[PDB]
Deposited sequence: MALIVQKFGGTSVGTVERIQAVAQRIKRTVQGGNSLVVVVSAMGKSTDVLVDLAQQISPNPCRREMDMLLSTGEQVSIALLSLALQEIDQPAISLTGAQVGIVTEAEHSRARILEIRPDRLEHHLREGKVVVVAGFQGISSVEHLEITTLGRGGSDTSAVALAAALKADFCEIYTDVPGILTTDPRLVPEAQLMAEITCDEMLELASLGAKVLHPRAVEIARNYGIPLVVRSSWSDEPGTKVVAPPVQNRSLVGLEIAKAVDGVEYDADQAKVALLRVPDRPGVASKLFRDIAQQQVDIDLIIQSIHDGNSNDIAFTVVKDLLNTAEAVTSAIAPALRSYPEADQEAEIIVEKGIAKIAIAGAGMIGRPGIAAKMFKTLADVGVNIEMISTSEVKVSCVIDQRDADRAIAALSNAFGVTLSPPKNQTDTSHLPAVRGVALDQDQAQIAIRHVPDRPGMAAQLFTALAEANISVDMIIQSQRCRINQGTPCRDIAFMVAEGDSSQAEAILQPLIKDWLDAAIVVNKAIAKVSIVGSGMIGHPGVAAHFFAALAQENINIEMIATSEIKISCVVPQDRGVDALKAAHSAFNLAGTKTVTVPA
């Protein structure tokens, strides 16, 4: 019944189109539904507005600017509601304080449209803002999506539909893999980790709000009546006080963790494949998998398991190891170590995507409370850290306070839902970071103060040092554009770290698989790694969350690796054929 629909610019770019949506809305109502409609400004209309302002002053006072940009939807909802009224659909345009209030940023809807709900389709645009004071403003770039979800939440809508010039979410980038299939369903969490698959179609903060208030979502197309892609949430009631610019949505803590690491394994295709294949044959489910930058002609591989599986996991690992040695008698190779007294902590949040200083503030918070960071693993929306279990209590209190959030559960359908590829990034590693509190904080604070956002951070074992104090290598990734400046920022800071060094490698690609089904499902990572080895593709780095695995890989092989992952998990799906005679 109660459905919130939103329509983007293009869907409304011409008067003709406006009449079409109006048609669908009517049809929807006549289905037995009540409709709240959010509309974006018409099209390049917004672009022309900003153009104009730019020829008047370089820096536009923000309020005068929010008023200017606010006129767009003001007209779009006027047009649409007229169009509805022409075809005898009772409608009405609500604006500003009639719909809600933004405070600065904190949004809160009301219900003069709960009223107007009787007969009419309520078409909405704008909230009232306070600081001077503005009568109508928008929430910004991705405001349309967010407003819609926030509204569905406030009204207890049955679901929320986002209409666009796209049938839904694909399994990957069609431009590289034509066999990319249209997803019927995807989880909020998956959608967040695969943000890029929704780049120009919907905004991560809105799918996160939907997840948090149990609002069913649907990415559909306007030029079609196809089902589209359902964005699915946990079944979750009334909450009103929405922070819309939070970098971090939640903090996480899992004490049921134990580390197995294989040290100094050969750095060649097939190694990781074999390791995890054998482990999965024991039906051993895995959590973290961390592999940072190579050390000479070899690397380490670390993973975590539930505490009571550590013994099993160590024994199995200890037995594969000799099969991993370049040559039988290489006792210096494939050496195994084990660590039982660890905890995993994380910060999670859609608001960290593309935003600087988030990881850095996590590290500072821990450093300020004296807790050393042992390992580090990023996904799209999580930064995970492994710490001494004894530090856990003060560590997550600190993170809880610093980020203003409550705790999500420690741990919460197919193994893989979609796969993705990033080839615009540069790897930068800082060799030999002293393994003591505050080091990562100081390196990543520096980058963040220069407005450089970081995409990946990977930190694994202590360096095999001849002598000096313990230290670890830290690898991270940034846009190739930021490569040079990043190096230039960090070089000073390591000047007097024994044997420290900065090395950049531009020729890398990142291949990722995402899937909620991989939790408590042994052999997912193994299948992924095997897929890359069968193509003789070397895995330079690995980083994980519970539902995302990323492998760093040679740039000249990113596409090949994407296709392999796509096929390994069957993203193209299955066609069928007339077998004759």
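Numbered from the first deposited residue, the unresolved ranges run 1, 106 to 113, 141 to 142, 248 to 249, 426 to 431.
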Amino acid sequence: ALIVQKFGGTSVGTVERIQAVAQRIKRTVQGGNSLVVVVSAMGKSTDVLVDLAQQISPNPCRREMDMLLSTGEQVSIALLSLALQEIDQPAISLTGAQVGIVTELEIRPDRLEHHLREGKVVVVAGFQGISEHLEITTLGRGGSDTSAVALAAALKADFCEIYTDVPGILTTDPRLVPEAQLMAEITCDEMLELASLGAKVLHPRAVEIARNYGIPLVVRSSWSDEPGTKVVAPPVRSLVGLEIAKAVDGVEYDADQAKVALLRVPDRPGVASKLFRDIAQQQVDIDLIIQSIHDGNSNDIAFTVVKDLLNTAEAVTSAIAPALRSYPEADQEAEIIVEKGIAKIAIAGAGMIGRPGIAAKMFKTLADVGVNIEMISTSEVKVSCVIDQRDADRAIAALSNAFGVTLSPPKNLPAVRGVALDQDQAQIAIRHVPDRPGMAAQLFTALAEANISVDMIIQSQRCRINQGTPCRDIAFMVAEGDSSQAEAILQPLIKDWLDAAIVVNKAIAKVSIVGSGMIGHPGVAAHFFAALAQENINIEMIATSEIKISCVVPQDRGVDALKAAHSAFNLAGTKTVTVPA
From here on, numbers count along this sequence of modelled residues.
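A summary of the deposited B-factors shows that, of 530 to 538 and 547 to 555, the stretch with the larger mean C-alpha value is 530 to 538. Higher mean CA temperature factor between 277 to 285 and 309 to 317: 277 to 285, per the PDB entry. The entry assigns its greatest Cα B factor, within the set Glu73, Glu252, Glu380, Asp393, to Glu73. Per the deposited coordinates, the residue with the largest Cα temperature factor out of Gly270, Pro235, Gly354, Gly404 is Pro235. In this PDB entry, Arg175 carries a Cα temperature factor that places it within the highest third of its chain's modelled residues. When the modelled residues of the chain are ordered by their C-alpha B factor, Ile465 lands in the highest third. Among the modelled residues of the chain, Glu480 sits in the highest third by CA temperature factor in this PDB entry. For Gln459, the recorded CA temperature factor ranks within the lowest third of the chain's modelled residues. Sort the chain's modelled residues by C-alpha temperature factor and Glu185 lands in the middle third, per the entry.
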